[PDB]
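What follows is each chain in one-letter form.
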Amino acid sequence: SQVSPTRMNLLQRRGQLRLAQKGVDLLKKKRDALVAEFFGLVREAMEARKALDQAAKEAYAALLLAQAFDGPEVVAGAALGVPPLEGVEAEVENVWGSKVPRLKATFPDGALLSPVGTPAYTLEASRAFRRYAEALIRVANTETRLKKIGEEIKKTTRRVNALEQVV
Amino acid sequence: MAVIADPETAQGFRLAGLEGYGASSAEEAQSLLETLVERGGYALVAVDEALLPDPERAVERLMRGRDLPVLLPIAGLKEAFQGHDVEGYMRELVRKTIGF
Amino acid sequence: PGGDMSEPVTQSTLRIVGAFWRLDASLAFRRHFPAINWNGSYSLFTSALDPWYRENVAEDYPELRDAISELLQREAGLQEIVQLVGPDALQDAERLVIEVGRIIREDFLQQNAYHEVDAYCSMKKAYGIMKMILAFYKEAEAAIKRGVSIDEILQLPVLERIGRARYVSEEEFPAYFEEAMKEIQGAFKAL
Amino acid sequence: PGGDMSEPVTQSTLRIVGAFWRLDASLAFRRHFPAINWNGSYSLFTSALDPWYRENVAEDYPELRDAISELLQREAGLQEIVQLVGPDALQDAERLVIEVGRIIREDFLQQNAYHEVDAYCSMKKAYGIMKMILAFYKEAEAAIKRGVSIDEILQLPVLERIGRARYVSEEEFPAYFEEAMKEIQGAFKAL
Amino acid sequence: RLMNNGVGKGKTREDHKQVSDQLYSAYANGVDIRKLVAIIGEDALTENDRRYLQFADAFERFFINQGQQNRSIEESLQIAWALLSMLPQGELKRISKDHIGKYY
C-alpha cells in the first residue's frame, strides 16, 4: 500500500521493536511456569491410574463370585432396585490463560434400599463397583486439566514463534 | 453415567446405577458412542479399548465446543496392568499438544 | 511542518522555556479536547508554587496531585501489556487500575470550551473532583481485596455520579461534593 | 560504535580479511576465557593449509578437527530446546552428546592465560587432547549402545583424568597420553 | 569503566565489587518478575520470586529515593547489606562466605 510518513516515525518504530522484544521475553517466562505446573500434573496422573487399576482388579475379582454363585433374585434386584442417577456437575475452579472452562466432577451416590435380611456376595460386588466409580471419577478429573494446560503450552509457544519469526 | 464394554461387565456396571450398554451391539463402538452422546444426558462415557477410542476426530466434530460427557479410555480387560501406566504416559504425552 | 518535534524551531524553542504543552493528533481525531498529551509534556514550576497551594487551596493538594500523576504514569506501563496480550488475561487489580485510569482520563482531563459552566473550572472544584476519584479508588481497592467482582464495582452508579460531577455550576458544588462523597463512602461498604 | 557488522568499515574489512575472531561479552560473563564465539567466527586458511598438517602433525588431523566441529555443532543444535524441559528428560544419546560437549568446551576450548605451564598448547598437545576426547566419546557410545546407565559414565575417573590434561607440562605429555588412552580403553569395559 | 580500579582493600572496603554485582543481579530479577506477576498473578509464584519482588520494591523505595541526605560510603554499604539480608543465603551466588559471615 504505502509506508507511513518517513520521519519521526523512526523513533516510533524503534519503540515498537523494543516493545516486541520485551513481549517475547515475557512470554518465555510465562511458558516456564506453565511447564513447571504441567510436570507436577503428569506426575499425579500416574498415581491416579495406579489406583484405578487397583480398584479394577478388586471389583473384577469380587464380581466373579457372583458368576459361580449366580443369584436369580440377586440380579432381579439388580433389575428391580437400581437408581439411574445423574451426577452431572460442571464445577469450574481455575482459569489459566484467558477464560478456560474447567470441568470438575463429583459423585452423588444413592441409598440402595434393601430388605431387612438382604446381604449376599452381590453386596460386596456393588461396593467394589462403588470404589471403582470413585477411582474413575479421579481419573476423569485429572485428565481434563492435563489436556487444558498442554493446550496452553502450545498456544504460548505458537505466539512466541509467530512473533519472533514474522513480526 | 455410561460405559461401552463387553456385556458381562456392562451388566456388572448396571448392578449399581450407571447404566451400561454392552459392546455386543457395537464392537467398533462408534455407533453406540454417537447414540449415547446424541441422547447426551450423561456426564462421561468410558469407552473400552476394543480397537481404539483415541481417534475422537469425529466425536469432537459432532461436539464442536461442548461441555459434553468426557471421553475416557477405561480398559480392555484384567489380565496384566504393569506397563499400562507408562503406555498411557507416553501416549498422552507425545500425541497430545506438548511435543516429543 | 509535519508535526515532528525535530524541526529547528521546535527544538530551539525547548531548552529556553518552562512548561511545554505538546498536543497530540490522535486525541484530536477522537474529538477528545483538549488534545494535551499527558506524557510528552512537562513543567518546571511545579516545585516553587507549593507554598502558594498550601496557603490558598488546601493542605494535602500537593499529595493529591502526586497521587494522580503517579496513578496515570503507572497505568501507562500496564497499558503496554494490555496491547500485547489483551485486557482480559489481566488480574483484577490490574483491570481496576486500567478502569480508574480511564475514568480519570474521561472525567478530569476533558473539557469542552463550548459548555455553559464547564469552561472555567477553579482550583477548589478541581481539588474536589480529585478527592472524589481518590476516595473511590481506595474503597474499590479494599473491596477487590475482599473479593467482590470488578463488573459489580464498575456497575456501582457512583461511577456516573462522579462522572457527570463536572457539569455542575460553581455555587452548588460545595454541597454536591459533600453529598457524593458521603454516598460513595456508604455505598462501597454496603455491599 | 554500536557493535553491528553492517556499517561500511566492517562491511569492507570483512571480504578484505581472511580469518575472523568474534570476541563476545556474554561468554566472558559466563567466565569462559578466552571468549571467542565459535558459532560466529570463521576462517578460510584451512584447505590450503591441510598438507602442512598431514606432513607435520599427524595423518588424521583434518578428520579429528572436523569430527570435533561436528560435535560442537550438534551440541548447540540440541541446546536449542534443552533448557525448556531441563537437561534430565532426554534420551541417553542426547545427554551423552551434551556431556561430551561440556567436556569439549570446558577442558579443551579454555586456556587460563595466567598459568605457568598452561599458556602455550603445542600442536601435538592439542592433537593428543582431541584424540583422548574422541576416544572417550567412542567408548561411551559403545557402552550406551549395549545399555549401561547414564550415571556410571559420568562418575568414572577417566573424566577427571582428562580434565587435568591441559594443566600438565610439555615434557611428560607423551607418557601421560599413552597411559591415559590405555587406562580409558581399559576402564571402559569393566562397567 | 574505571570502577574496578578504585574499589578494594586499601581504598574503600573488601566486599564492594561483589556487593555491587549481587545488587545488580537481584534488581534485574525483581524488575522482570514484576511484569510476570502482572500477567499471571501472585497465585502461581514461588517463594523465591515473592522475596525477589519485595526486595526490588524496597530497593526502589529505600536505596534510590534519598532526598537531600549526604550518605557516606560506610552508611551506603550498611544500607546495601541490610537490603540484601532480605534474601536467603545460598541465593547470594556472587559473594564470598568470609564476607557473608561478618555482615548480613
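What counts, and where the lines are drawn
- Residues numbered from 1 in each chain as written, not as in the entry; some residues may be left out.
- Chains lettered and ligands numbered in written order.
- Part of a larger assembly, values for the part shown.
- Heavy atoms only, no water.
- Residues with missing side-chain atoms left out of burial classes, pairs and counts.
- UniProt positions renumbered as here; feature names shortened; annotations may be inferred.
- Helix = DSSP H or I, 4+ residues; strand = E, 2+ residues; numbered from the N terminus.
- Rg over C-alpha atoms; globule rule 2.2 N^0.38 Å.
- Contact = heavy atoms within 4.5 Å.
- Buried area = accessible area lost by both parts, 1.4 Å probe.
- Salt bridge = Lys/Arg side-chain N within 4 Å of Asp/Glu carboxyl O.
- Nonpolar A, V, L, I, M, F, W, Y, C, P; charged D, E, K, R; others polar.
- Axes fitted to C-alpha atoms, helices over the stretch in contact; angles between N-to-C directions.
- Parallel < 35°, antiparallel > 145°, perpendicular 65-115°, else oblique.
- Left-handed = near helix turned anticlockwise from the far one by under 90°.
- Expected span 1.5 Å × (residues − 1).
- Buried < 20%, exposed > 50% of the residue type's maximum accessible area, 1.4 Å probe, protein only.
- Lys, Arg positive; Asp, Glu negative; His and termini not counted.
- Pairing = 2+ DSSP bridges.
- Right-handed = clockwise from strand over helix to strand, strands pointing away.

Structure determination for this PDB entry was carried out by cryo-EM, with a resolution of 3.5 Å recorded in the header.

Naming follows the PDB entry, where chain E appears as V-type ATP synthase beta chain of Thermus thermophilus HB8. According to its PDB record, this entry is titled "V/A-ATPase from Thermus thermophilus, the soluble domain, including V1, d, two EG stalks, and N-terminal domain of a-subunit".

By the naming in the PDB entry, chain B goes by V-type ATP synthase subunit F and is assigned to Thermus thermophilus HB8. The heading Function in the UniProt record of chain B holds the text "Produces ATP from ADP in the presence of a proton gradient across the membrane." Chain B has a UniProt comment under Sequence similarities that states "Belongs to the V-ATPase F subunit family."

Trainee: Explain the overall build of chain B to me, please; I cannot follow it from the model alone.
Mentor: Along its length, chain B carries 4 helices and 3 strands. The C-alpha radius of gyration of chain B comes to 14 Å, within 12% of the 13 Å expected for a compact globule of 100 residues. Seen through its C-alpha atoms, chain B measures out along the principal axes to roughly 40 × 35 × 20 Å. Nonlocal contacts in chain B, meaning residues at least 24 apart in sequence, comprise 52% of its contacts between residues at least 6 apart.

Trainee: So what exactly am I meant to see when it comes to the interface of chain A and chain B here?
Mentor: In many reports, interface size means the accessible area that the parts give up when they come together. Between chain A and chain B, the contact holds 32 residues from the first and 32 residues from the second. Summing the contributions of chain A and of chain B, the shared interface buries around 2900 Å²; its carbon and sulfur component is 73%. Counting across the interface, chain A meets chain B through 1 salt bridge. When the shortest N-O distance is used, the salt bridge between A:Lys50 and B:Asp85 registers 3.4 Å. At the level of elements, α1 (9–63) and α4 (121–166) of chain A are the ones that each hand at least two residues to the side of chain A that touches chain B. By residue class, the composition of the side of chain A that touches chain B is 18 nonpolar, 5 polar and 9 charged.

Trainee: Would you mind going over the packing of helix α4 (residues 61–85) of chain D against helix α5 (residues 92–107) of chain D with me for this structure?
Mentor: A pair of packed helices is characterised by two quantities: the angle between their axes and the separation of those axes. Residues and elements named next belong to chain D. Viewed as axis vectors pointing N to C, α4 and α5 meet at an angle of 120°, and their least axial separation amounts to 9 Å. Compared by their axis directions, α4 and α5 come out oblique. Between α4 and α5 lies a crossing of left-handed hand. Here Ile68, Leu71, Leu72, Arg74, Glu75, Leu78 and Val82 of α4 come into contact with α5, specifically with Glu94, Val97, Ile98, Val100, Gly101, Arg102, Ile104 and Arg105. Looking at the contact of α4 with α5 residue by residue, the class counts come to 9 nonpolar, 1 polar and 5 charged.

Trainee: Looking at this structure, how should I read helix α9 (residues 173–187) of chain D?
Mentor: One turn of the α-helix equals 3.6 residues, which is why residues spaced by three or four share an orientation. For α9(D), which comprises 15 residues, the first-to-last C-alpha distance of 20 Å matches the rise-based estimate of 21 Å (1.5 Å per residue) to within 8%. Those residues of α9(D) that are buried lie in contact with α6 (123–146) and α8 (158–163) of chain D.

Trainee: In this structure, what is going on with unusual backbone geometry? I would like to understand it.
Mentor: Phi is mostly negative for residues that are not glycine, and the peptide bonds are mostly trans. Here the residue pair C:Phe33 and C:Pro34 is connected by a cis peptide bond, since its omega of 0° sits within 30 degrees of zero. Mapped onto the secondary structure, C:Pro34 falls in the loop between α2 (26–29) and α3 (50–56). A positive phi angle, near 60°, is found at A:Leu112, a position not held by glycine. By the element assignment, A:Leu112 lies in the loop between α3 (72–80) and α4. The backbone of B:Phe100 shows a phi angle near 45°, a positive value even though the residue is not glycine.

Trainee: Would you explain the arrangement of the chains in this entry?
Mentor: Counting contacts across all 6 pairs of chains that touch, the top pair turns out to be chains A and B. A minimum C-alpha distance of 20 Å separates chain B and chain C, which share no contact. No part of chain C reaches chain D; the closest C-alpha pair between them is 22 Å apart.

Trainee: Whenever I open this one, the packing of α5(D) against α6(D) confuses me. Can you help?
Mentor: Residue and element names in this part refer to chain D. Direction vectors running N to C along α5 and α6 enclose 165°, while the axes themselves pass 11 Å from each other. Considering the angle they form, α5 stands roughly antiparallel to α6. Here α5 and α6 pass one another in a crossing that is right-handed. Along the contact surface, α5 presents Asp92, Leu96, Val100, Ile103, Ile104 and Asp107, while α6 presents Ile129, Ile133, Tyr137, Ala140, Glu141 and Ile144.

Trainee: I tried to follow the side chain of A:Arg49 on my own but got confused; where do I start?
Mentor: Relative to the helices and strands, A:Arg49 is located in helix α1. One buried charged residue, A:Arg49, remains without a salt bridge, the closest side chain of opposite sign being A:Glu143 at 4.5 Å. Setting aside its immediate chain neighbours within four residues, A:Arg49 contacts A:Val139, A:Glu143, B:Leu72, B:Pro73, B:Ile74 and B:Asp85.

Trainee: Is there a simple way to think about the pairing of strand β2 (residues 44–47) of chain B in this case?
Mentor: Every other side chain in a regular strand lies on the same face of the sheet, so the side chains alternate between the two faces. Residues and elements named next belong to chain B. Taking every second residue as pointing to the same face, both faces of β2 are buried, with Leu44 and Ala46 on one and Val45 and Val47 on the other. Bridging between strand β1 (residues 3–4) and β2 involves 2 bridges; their strand directions are parallel. Its bridge partner lying in β2, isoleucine 4 is registered against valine 47. Where β2 lies against strand β3 (residues 70–73), 4 bridges are found, and the strand directions are parallel. Bridge pairing links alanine 46 to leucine 72 in β3. Traced from β2 through helix α3 (residues 57–63) to β3, the parallel crossover comes out right-handed.

Trainee: Any chance you could explain the sheet that holds β3(B) here in plain terms?
Mentor: Hydrogen bonds along the backbone pair up the strands of a sheet, which may run parallel or antiparallel. The strand order across the open sheet formed by 3 strands is β1-β2-β3 (chain B), and the pairing between neighbours is parallel. What marks the edges here is a single partner per strand, and that holds for β1 and β3 of chain B.

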